[PDB]
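Chemist: Sequence first, structure after, both from an experimental entry:
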Amino acid sequence: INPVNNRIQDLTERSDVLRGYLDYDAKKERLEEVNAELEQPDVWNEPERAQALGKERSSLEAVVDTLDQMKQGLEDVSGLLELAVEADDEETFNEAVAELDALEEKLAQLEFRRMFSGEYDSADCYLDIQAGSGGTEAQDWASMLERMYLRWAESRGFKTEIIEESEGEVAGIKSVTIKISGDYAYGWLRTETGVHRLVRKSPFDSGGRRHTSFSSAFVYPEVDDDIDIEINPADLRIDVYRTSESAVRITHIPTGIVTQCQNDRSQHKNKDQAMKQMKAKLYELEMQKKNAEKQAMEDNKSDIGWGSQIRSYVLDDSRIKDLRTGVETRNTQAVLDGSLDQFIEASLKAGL
RNA sequence: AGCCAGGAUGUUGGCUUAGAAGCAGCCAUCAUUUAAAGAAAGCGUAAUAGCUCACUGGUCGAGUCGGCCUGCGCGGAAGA
RNA sequence: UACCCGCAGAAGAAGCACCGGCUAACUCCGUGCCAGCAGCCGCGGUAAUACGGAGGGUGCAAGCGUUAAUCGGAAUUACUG
RNA sequence: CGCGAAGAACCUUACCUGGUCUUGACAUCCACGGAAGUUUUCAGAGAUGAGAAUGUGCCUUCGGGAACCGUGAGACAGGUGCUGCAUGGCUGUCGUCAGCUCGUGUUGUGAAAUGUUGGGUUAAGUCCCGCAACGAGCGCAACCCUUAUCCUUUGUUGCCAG
RNA sequence: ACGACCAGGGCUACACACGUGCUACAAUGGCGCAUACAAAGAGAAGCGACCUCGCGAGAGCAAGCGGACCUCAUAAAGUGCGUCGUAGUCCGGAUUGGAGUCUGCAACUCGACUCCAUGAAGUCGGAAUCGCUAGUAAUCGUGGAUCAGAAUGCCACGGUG
RNA sequence: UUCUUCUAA
Ligand SMILES: [Mg+2]
């Protein structure tokens, strides 16, 4: 009963936490009007507007009513815990044990529906990182950020896969494209595009003078064979490079952006990758613009476009600080092992 | 041939929707008061409903039906 | 009208800028090359008298700062020089 | 880079993986309860769980304390967590390199220069001479430890010529 | 809990790269026998004679000694005699098998050692590069620290030169 | 005889 009573408590604890994060009254005050608009039979005279109101009314309802059913079923747990203790029956005692568990899973999906309320979360994504303009500092600095997500998607458990591998000569790597793969990999990584800043005293410096570096991050969902727009082969620059003669360089001229594939000994599959690369890249270039037409450039990761300081990494002090949410940590290497996931949910539970 | 009547029981299969009901539909498609009537022919509904079919008997009082072999046709088949 | 008389009671009546040096006046805290500041030298890349806030202190005063503009300083067109 | 670490089978050990704990393993304070101590059992990988007899050393008109346990309450603990560009301490390095400086003095507007230079000389800013410098300090030398030889002393567990 | 404990693991992994070492590639050597030859330490839960057995590692007995007394503890190269006779060797010993000794709760990871078997590479090492100026280089042993056990390391010590 | 270059508190 000692885990069970905390399993009454800690379950009900996070229940009211989610009640704030919905702002389900802003759903419900809309809903209650939409309910009054529904039972108004004038909603049916435009039956298109009826389902646009009423199937939305159903969409407004059960998302709110989950949390209502969360508090209501937890009342029956402690009531059966009352009937567990004042009448010591081991069934009702274990009914306080067993039927308690069925509560959270109602919220556990819906909080997952609330956290991943973003639309193309369920797809996976690709990764696009260049070393910044720090210098030889930066090339290493990308290769650190290389393994950080490698260990992350190892730890989070996604299929890592090097689409493209470019290098800095003296230190680290210059730029990279990698296929991440699995459930909600764009669900995670959509909140982590852009600037990652190195600040440490430079061994590359002849003295130990404190220099600064940067790197890029860019995340775009795997949405080819899901998005209907086809790449025009004219802006699709046909260009060939080599394996690491079979590799295919694609330069999308009008938006000036590129994508590649390097590994396939068959040249077509380097291209067959790069079609999947670029069509996913064009749609993200559309959908970053599209959530910029939602209100403004606000419902994406605020203002990516090189204002993306969303995490910045300080090493001599060994502090790592988020910027799009602003959550901090000292366990710098754990984040380099992939405790960057705490920053992802920092974006998601803040609603970014 | 028409013509009179019905055209059914439910779990209106689940679905998942626009509400999904023989009839948008993924999908089973049963039992059922049976003269018969299908988890249905189509149309219709926003869906149901509405029309309506198969169907069944009532009426009708000679055949009826569409195959195949062919004979000759016919359309297709507009120019300075 | 000036001007005077009573009435009433502390009553109805103070703010703005500044404090790294230049230049009179400082600490605390937020903050970490960000946000910013700034006439100049120049500040802020975790301990900021230079940022922001606090308290404190300086400077004016029904004003106080900023900008604009002028000559001075500038002997920096040097008659003087 | 046979470095920390003069010596990781567990220990060490900080690490990894599970089992565990939250005034805590460790201090002090505080009350509360039992002398402390002593033996055993199972449960448990063990951390620990319930058993099992015991005890009264020390003082008192003595909570049973002073001894030691356990409980409560917290004040507090704890950190091999960060920072050797916040530090002390300590250490390498140039390098046992011969250099580094000061005082007053004079010189230059001054920064500075002078001496400390120059010449002979030394392993050495070592010495001498010259010397607007003259002095002083730290030094590079000497004092020290050992060995090289001799004398005296004492001669056992050391010595054996006679 | 960046705190406290416990077990097990790991710190010893392993395509690699480098430093520092050690041992060899032999005949000035190997082997065998015989034999001359130290210095400096350590020692009480320690050193442990002697004896016994164990091929050996050891065990058992068990003195002695806080040590100029006893023990660790014969130094080793050397020398003398023989042997190998220029070969992957009677060089050299890697590796591995089997059987043990021993430490310590306990030797899988992950100890040390004995014995038997095994007999790799290696036949003087690129460009380069290190040390050292006299008891030095060179090579010969020995002790100590640390330490249940566990040193080619380290710290010392004498031998030849 | 020949021989260069040293990111940005
Ligand atoms: Mg080397």
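Modeler: Looks like it arrived, so ask away. Residues are numbered from 1 along each chain as shown, chains lettered A, B, ... in the order given.
Chemist: Only C-alpha atoms from now on, for both contacts and neighbour counts.
Modeler: Fine.
Chemist: for the closest residue to RNA strand C within the stretch 1-150 of chain A, what are its contacts?
Modeler: Among the residues of the stretch 1-150 of chain A, residue A:134 lies closest to RNA strand C, at 9.9 Å counting by C-alpha to the nearest atom of the strand. In this structure, residue A:134 makes contact with A:211, A:212, A:213, A:214, judged by C-alpha atoms under 8 Å, 6 or more residues apart in numbering.
Chemist: let's go with 7 Å and repeat that
Modeler: For residue A:134, the contacting residues are A:212, A:213, A:214, by C-alpha atoms under 7 Å, 6 or more residues apart in numbering.
Chemist: ok and the residue in the stretch 151-300 of chain A nearest RNA strand C?
Modeler: When you check the stretch 151-300 of chain A against RNA strand C by C-alpha to the nearest atom of the strand, the closest residue turns out to be residue A:211, at 3.5 Å.
Chemist: gap between the residue nearest the centre of chain A and residue A:294?
Modeler: Centrality entry for chain A: nearest residue to the mean C-alpha point is residue A:188, 2.4 Å, by C-alpha atoms, centre = their mean. Distance of residue A:188 to residue A:294, given as C-alpha to C-alpha, to the nearest Å: 21 Å.
Chemist: Write out the residues of the stretch 101-250 of chain A neighbouring RNA strand C.
Modeler: Contact residues (C-alpha under 7 Å from any atom of the strand) of the stretch 101-250 of chain A with RNA strand C: A:199, A:200, A:210, A:211, A:212.
Chemist: Could you confirm residue A:149 falls within a strand?
Modeler: No - in this structure, residue A:149 is helix, not part of a strand, as judged by DSSP: H, G, I helix; E, B strand; the rest coil.
Chemist: which one of the contacts of residue A:134 is nearest RNA strand D?
Modeler: Top of the list for closeness to RNA strand D, among those and by C-alpha to the nearest atom of the strand, is residue A:212 at 14.2 Å.
Chemist: in what helix or strand does the closest one lie?
Modeler: Assigned by DSSP states H and E, residue A:212 belongs to strand A:210-213.
Chemist: Near residue A:2, how many other residues are there?
Modeler: Other residues near residue A:2 number 7, with proximity taken as other C-alpha atoms under 10 Å.
Chemist: quick one: it from RNA strand B, how far?
Modeler: Here the distance between residue A:2 and RNA strand B works out to 39 Å (C-alpha to the nearest atom of the strand, to the nearest Å).
Chemist: Residue A:149 too?
Modeler: When distances are taken as C-alpha to the nearest atom of the strand, residue A:149 and RNA strand B turn out to be 36 Å apart.
Chemist: these two touch, right, that residue and residue A:340?
Modeler: No - here residue A:149 does not reach residue A:340: they are 8.2 Å apart, not a contact under C-alpha atoms under 7 Å.
Chemist: Name the SS class of the nearest residue to residue A:350 once chain neighbours are set aside, please.
Modeler: Ranked by C-alpha to C-alpha, 6 or more residues apart in numbering and with sequence neighbours excluded, the top spatial neighbour of residue A:350 is residue A:325, at 7.0 Å. Per three-state DSSP, the secondary structure class of residue A:325 is coil.
Chemist: so residue A:325 touches residue A:348, yeah?
Modeler: No - here residue A:325 does not reach residue A:348: they are 9.3 Å apart, not a contact under C-alpha under 7 Å.
Chemist: Contact residues of the stretch 201-350 of chain A facing RNA strand F?
Modeler: A:202, A:203, A:204, A:205, A:206, A:209, A:210, A:211, A:212.
Chemist: one more time with 10 Å
Modeler: For the stretch 201-350 of chain A, the residues in contact with RNA strand F under the definition C-alpha under 10 Å from any atom of the strand are A:201-213.
Chemist: need the residues you listed in CSV with neighbour count, can you?
Modeler: Shown next, in CSV, are those (neighbours: other C-alpha atoms under 10 Å):
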residue, neighbour count
A:201, 16
A:202, 16
A:203, 12
A:204, 14
A:205, 12
A:206, 7
A:207, 9
A:208, 11
A:209, 12
A:210, 12
A:211, 16
A:212, 17
A:213, 23
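Chemist: so can I have JSON lines of the residues you listed showing distance to residue A:266?
Modeler: Listed next are these as JSON lines, based on distance: C-alpha to C-alpha, whole Å:
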{"residue": "A:201", "distance to residue A:266": "45"}
{"residue": "A:202", "distance to residue A:266": "42"}
{"residue": "A:203", "distance to residue A:266": "42"}
{"residue": "A:204", "distance to residue A:266": "40"}
{"residue": "A:205", "distance to residue A:266": "43"}
{"residue": "A:206", "distance to residue A:266": "46"}
{"residue": "A:207", "distance to residue A:266": "48"}
{"residue": "A:208", "distance to residue A:266": "48"}
{"residue": "A:209", "distance to residue A:266": "48"}
{"residue": "A:210", "distance to residue A:266": "46"}
{"residue": "A:211", "distance to residue A:266": "43"}
{"residue": "A:212", "distance to residue A:266": "41"}
{"residue": "A:213", "distance to residue A:266": "38"}
